Every structure is written in C-alpha cells, then in structure tokens.
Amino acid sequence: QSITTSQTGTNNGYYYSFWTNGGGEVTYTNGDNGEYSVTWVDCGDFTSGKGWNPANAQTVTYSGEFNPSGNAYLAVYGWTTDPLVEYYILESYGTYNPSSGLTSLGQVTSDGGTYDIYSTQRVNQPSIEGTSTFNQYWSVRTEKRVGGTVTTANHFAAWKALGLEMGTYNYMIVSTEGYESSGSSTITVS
C-alpha cells in the first residue's frame, strides 16, 4: 500500500529508503523482488529506491523506466560514515546536469560506457546524521542510460585512487530523486 511521507524498512529482503522534505505530492510504492515506483507532482526534493542497508560494495543489477518531466536523478546513491560522504553514480538525469558549475573532473570506465568524477562541499546541510559538513561526490555519465550494470567496487576504488576518502558503508540504493519537478519512475534492482 502506497506511502507519501519519509520512511525506511525492508521489502522482500531489500532495504528501502523513501525521503521527502514534504514538497508537492510524491507517492512511493514497493513492488515485488526489488521493484519500486514513484510518481511525483511539483515536488520539492525527494529520494527513493531499494538496495541494501549494511551494504557491501554490491554489484548492482537494475532496470526499468525513469521518466522525469523536469529535473531529476537516477543514480546508484549511498552514504558513508566516519567520514560522512554522500555519493552519486549518476546513470541518467532530466533537464539539468547536477554538475552544472563544478570544476570539471574525470574520468572512469565501468560495465561498458564511461563516467565522470566531481566533488563538492555541503556546509551545514541535512544528512543521514543531521546537520553536517561533508563532501558529495559524483560519477556522471556523458551518455544517459536507464538499465544495465554498475559494479560499485570500481567507482569507489577509483575515487579513493585520487584524493577522496570514503568510510564505513551505511546504505546504497538505486535512487530516483526529484528536484522541483514532476514525473514517474519504476526501477527494479537485483
């Protein structure tokens, strides 16, 4: 049965996180065997998806449709702790590159098709641990795709190869995230 405010849990042996700041109407629904679905209308900011809670560097097998009408992200998304980090391995996006005006950096090859590396500081921002100051990393794709494989071991080890520490894994999902937009998304992890 659908939900509309933030909550976490387990659904068919998958960790699920749905967070929203309350903006607009965001409706989240869990399906079977690793599926979830989000429909949204003039949202503020929300994240959503399935994965693993005390998550290893999992070799992620996802698939589905990601149809934003406006700004949104479809990334392999996760956090570490000590130090605090928020990482995005962006597979696709809507009408705006989330790396808009960052000092351009790159790159890394993985699972067919290439990505891009960025980093940027969030100061006195909300997080899984509360008000914190942490870096948010990126693995943007110069070509969009919605479905395939993202072996997270390669993205982590490539960032750590350059000057960006990680920490203890807390959660890693395939996140559909809307920012001041509408749309729909049905993603299925394995």
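From 1 onward, residues are counted along the sequence shown.
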Residue stretch of maximal mean CA temperature factor, 170-178 vs 18-26: 170-178
Mean C-alpha temperature factor, higher of 136-144 and 33-41: 136-144
Of the residues 188, 184, 7, 2, the one carrying the largest Cα B-factor as recorded: 2
CA B-factor placement of residue 152, once the chain's modelled residues are sorted into thirds: highest
For residue 62, the third of its chain into which the C-alpha B factor falls: middle
Ranked C-alpha temperature factor of residue 164 among modelled chain residues, by third: highest
Lowest, middle or highest third - CA B-factor, residue 123: middle
